[PDB]
Structures are given as structure tokens and as C-alpha cells.
Visitor: 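Quick one: this structure, given as C-alpha cells, is what I'll be asking you about.
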Amino acid sequence: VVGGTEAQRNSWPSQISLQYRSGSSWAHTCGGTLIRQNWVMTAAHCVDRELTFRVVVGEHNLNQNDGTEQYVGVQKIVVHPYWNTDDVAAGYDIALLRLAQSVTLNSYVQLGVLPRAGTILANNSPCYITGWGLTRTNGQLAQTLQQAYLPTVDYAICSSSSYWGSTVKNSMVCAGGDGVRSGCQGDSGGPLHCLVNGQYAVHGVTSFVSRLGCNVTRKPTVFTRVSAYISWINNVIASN
Ligand SMILES: *[C@](=O)([C]([N]C(=O)[C]1[C][C][C]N1C(=O)[C]([N]C(=O)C1=[C][C]=C(C([O])=O)[C]=[C]1)[C]([C])[C])[C]([C])[C])C(F)(F)F
Ligand SMILES: [Ca+2]
């Protein structure tokens with residue numbers, strides 16, 4: 001997250017860190033959202049790779065014991081069948097992970113609330129991105145979970161020539177674009193939390209940024225629109 005602020009420990013309890021094994025240690029690579037005690041939602045492009053993964057829930061600081069972490073292996077990965085490897089702009093950038101064991105819920109570990117199917121946010125809706133991703137273009141990962149206010153940019157504006165043009169599909173959400181705040185590498189797969197009728201719900205899965213950098217004016221961060229995939233989510237969970 002570029003332009004972020006440090007999140008409180010208990011603000012975004014559905015956020016997870018998705019890590020891969022690198023020799024003897026584990027490294028953060030993506031975010032995700034806990035959606036059942038044994039299922040995580042993330043981006044397809046995080047998990048279509050030759051790596052071994054684990055999930056950490058209750059995480060705050062990647063490099064220090066928080067006293068709240070639960071570490072769980074990943075037992076099954078289901079990528080959207082229409083995802084095409086390394087083609088983010090085609091969409092379908094979503095995957096579900098069944099965890100090897102159910103996690104326990106507490107003030108640091110809660111399920112993300114999903115929107116109702118088909119829900120679309122008004123332009124300029126209030127949302128926050130969260131993650132441990134780079135804090136500057138070509139920078140380094142955050143140690144502590146960051147948040148940034150990233151209001152939505154609706155489809156009619158986002159798909160206009162001055163923004164993302166025909167790159168953006170209606171199955172995506174755009175947020176931000178002020179040139180100061182954005183997602184960045186390592187935020188992929190995590191939530192976009194938007195305040196609707198008094199409740200934060202996870203409306204986006206962080207997907208991609210511009211070829212010109214993370215924080216680029218009129219190039220909002222682009223997210224998979226969760227509300228376009230609710231039937232798919234429920235079908236996968238029911239079948240596995
Ligand atoms: C995420 O944390 C990370 N996402 C990315 O880095 C994604 C994954 C593939 C590459 N990517 C990008 O965001 C890159 N953008 C594109 O590849 C791209 C831009 C525009 C178009 C088009 O058609 O208009 C097509 C592709 C940029 C150049 C890095 C973050 C940024 C959310 C993780 F992948 F884990 F690093
Ligand atoms: Ca920690």
C-alpha cells in the first residue's frame with residue numbers, strides 16, 4: 001500500500017497473509033480474505049505458481065511475534081476456470097483456498113462479509129485497501145499492516161479514455177487514482193473493504209496496477225468485483 005497509514009490490530013480481522021516457502025523460511029507474497037473458518041479468497045495470479053503456501057490469520061507485523069497468529073496449511077486451491085495465467089486484464093482473477101484446518105475466531109480473526117450478488121457501488125464510495133505490499137513503487141514490503149482510503153471510480157468513468165479505457169471490465173472495481181495512494185506489489189489478493197449501510201463488506205480482490213507505477217494519477221488500482229462471483233464462490237464451497 002502506497003500512501004497508507006498503520007492499521008489498528010483489530011480493524012480488519014478478515015485480512016490474511018498468504019506466504020510461500022523459501023528454503024527454510026516463509027515469505028509474504030499476497031493478501032487474502034478469510035471467508036469461512038476453512039476457506040480463503042485471494043487472487044488467481046497469487047496461486048497459479050509453483051510454490052508451497054501457507055496462510056497466516058491474526059497477523060499484524062510480518063517480522064515480529066504478535067501473540068495472535070494462527071498458521072495453517074493450504075489443502076486445496078480452486079482457481080476460477082476462466083482465469084488465464086498472466087492475463088490480468090481478461091479478468092476472472094479470483095481463487096479459493098481450502099485450509100488444512102479450521103481457524104478459531106476472535107477479535108483478530110473474523111470472517112469477511114461479502115456483498116449480495118450483483119451489488120454495484122455508487123461512484124466515490126468510501127473504501128479502504130489493506131495489505132503488507134510495497135509502500136512505494138519499487139520499494140519494500142511493509143512490516144505492519146497498512147490501510148489507505150481509496151474511493152471508488154465507477155465503471156463509466158473508469159472505462160473512459162483518460163482512465164483505464166477498455167482494459168477495465170464490468171467484473172472489476174476501480175478505486176483510487178489520486179496519484180498518492182494505491183495498492184502495490186504484495187497487496188494482490190487482499191480485500192477492498194467498502195462501507196455500505198453502516199457495515200464494511202469486502203467488495204474487491206486486489207488485482208493489478210498500471211505499467212507506469214503503483215500510484216499513478218487517473219490509473220486507479222483495479223480489483224476483481226466480488227459481487228460478480230457470489231454464485232461461483234458458493235458453488236465451490238458446497239462442492240468441496
Ligand atoms: C500483487 O500484489 C500486485 N499485482 C500485480 O503485480 C499484477 C499481477 C500481474 C502483473 N500485475 C500488475 O499489476 C502489472 N500490470 C499489468 O501486468 C497490466 C497492466 C495493464 C494491462 C492492460 O491491458 O491495460 C495489462 C496488464 C503491473 C505493471 C505491475 C499488486 C500491484 C496489486 C502481486 F502480484 F502479488 F504482486
Ligand atoms: Ca507477526
Side-chain angles (χ1 to χ4, degrees), residues 1-4 30-33 41-46 48 79-95 112-131 133-134 137 147-197 200-233:
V1 181
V2 183
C30 282
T33 300
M41 176 175 70
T42 189
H45 74 256
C46 289
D48 66 350
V79 171
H80 199 286
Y82 271 179
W83 166 250
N84 192 34
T85 291
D86 279 320
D87 188 354
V88 282
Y92 305 97
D93 197 3
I94 192 170
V113 170
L114 302 175
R116 301 323 163 197
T119 301
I120 308 289
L121 302 170
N123 192 51
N124 211 42
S125 289
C127 302
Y128 284 87
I129 190 176
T130 54
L134 276 24
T137 303
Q147 67 184 54
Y149 186 63
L150 246 36
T152 66
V153 180
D154 72 26
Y155 176 74
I157 297 166
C158 200
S159 72
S160 76
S161 75
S162 178
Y163 282 77
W164 274 109
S166 52
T167 290
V168 161
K169 299 192 180 193
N170 192 49
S171 64
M172 296 168 184
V173 175
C174 297
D178 69 0
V180 179
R181 289 165 288 191
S182 72
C184 205
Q185 285 87 345
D187 293 324
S188 281
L192 181 73
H193 313 267
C194 303
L195 191 279
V196 180
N197 291 324
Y200 279 105
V202 181
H203 282 253
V205 176
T206 307
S207 184
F208 68 96
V209 296
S210 156
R211 297 198 187 282
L212 298 189
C214 289
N215 53 307
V216 172
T217 300
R218 295 178 195 288
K219 296 292 173 286
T221 305
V222 181
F223 301 81
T224 303
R225 183 168 54 86
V226 174
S227 71
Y229 295 95
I230 298 301
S231 48
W232 180 73
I233 294 166

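These values consider heavy atoms only, across backbone and side chains, with no hydrogens, waters or symmetry-generated copies. Counting begins at 1 with the first residue of the sequence.
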Visitor: In terms of side-chain heavy atoms, does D93 have a donor or acceptor partner in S207 at a distance below 3.5 Å?
Guide: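 Yes, a side-chain donor-acceptor pair sits under 3.5 Å.
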Visitor: Please check if the side chain of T152 supplies one atom and the backbone of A122 the other of a donor-acceptor pair under 3.5 Å.
Guide: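 Yes: the side chain of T152 pairs with the backbone of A122.
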Visitor: Counting distance only, does the side-chain N/O of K219 pair as donor-acceptor with the main-chain N or O of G177 below 3.5 Å?
Guide: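 No; judged by distance alone, with no hydrogens or angles, the pair does not exist.
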Visitor: Taking the side chain as every heavy atom from C-beta outward, state whether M172 and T167 have any pair of such atoms under 4.5 Å apart.
Guide: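 No, every pair of side-chain atoms sits at 4.5 Å or beyond.
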Visitor: Checking side chain to side chain contact (heavy atoms under 4.5 Å, CB included) for the pair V153/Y163: CA distance, chi angles, key distance, verdict?
Guide: CA-CA 10 Å; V153 180; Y163 282 77; 4.2 Å; yes
Visitor: Using 0.5 Å steps for rounding, measure from the CG atom of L134 to the SG atom of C214.
Guide: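 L134 atom CG to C214 atom SG measures 6.5 Å (nearest 0.5 Å).
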Visitor: Report the C-alpha distance between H45 and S188 in whole Å, list the side-chain angles of each, state the deciding distance to 0.1 Å, and finish with yes or no for side chain to side chain contact (heavy atoms under 4.5 Å, CB included).
Guide: CA-CA 8 Å; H45 74 256; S188 281; 2.8 Å; yes
Visitor: Mind checking whether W164 and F208 have ring centres under 6.0 Å apart?
Guide: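 Between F208 and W164, which both carry aromatic rings, the centre distance is below 6.0 Å.
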Visitor: Are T224 and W83 packed together at the side-chain level, in the sense that at least one heavy-atom pair is separated by less than 4.5 angstrom?
Guide: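 No; the side chains remain at least 4.5 Å from each other.
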Visitor: Less than 6.0 Å separating the ring centroids of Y229 and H80?
Guide: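 Ring centroids of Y229 and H80 are less than 6.0 Å from each other.
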Visitor: Going through the checks in order, is the side chain to side chain contact (heavy atoms under 4.5 Å, CB included) test met by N170 and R225?
Guide: CA-CA 8 Å; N170 192 49; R225 183 168 54 86; 3.5 Å; yes
Visitor: Is a side-chain N or O of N215 found less than 3.5 angstrom from the main chain of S182, in a donor-acceptor match?
Guide: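 No: the side chain of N215 does not pair with the backbone of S182.
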Visitor: Within the distance-only criterion (no hydrogens, no angle test), does the side chain of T221 pair as donor or acceptor with the backbone N or O of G183 below 3.5 angstrom?
Guide: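 Indeed, once roles are kept as given, a pair shorter than 3.5 Å links the two residues.
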Visitor: Any sub-3.5 Å donor-acceptor pair from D187's side-chain atoms to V1's backbone N or O?
Guide: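 Yes, because the side chain of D187 sits within donor-acceptor range (under 3.5 Å) of the backbone of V1.
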Visitor: Taking the side chain as every heavy atom from C-beta outward, state whether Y200 and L195 have any pair of such atoms under 4.5 Å apart.
Guide: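 The answer is yes, as the side chains (C-beta and beyond) meet within the 4.5 Å cut-off.
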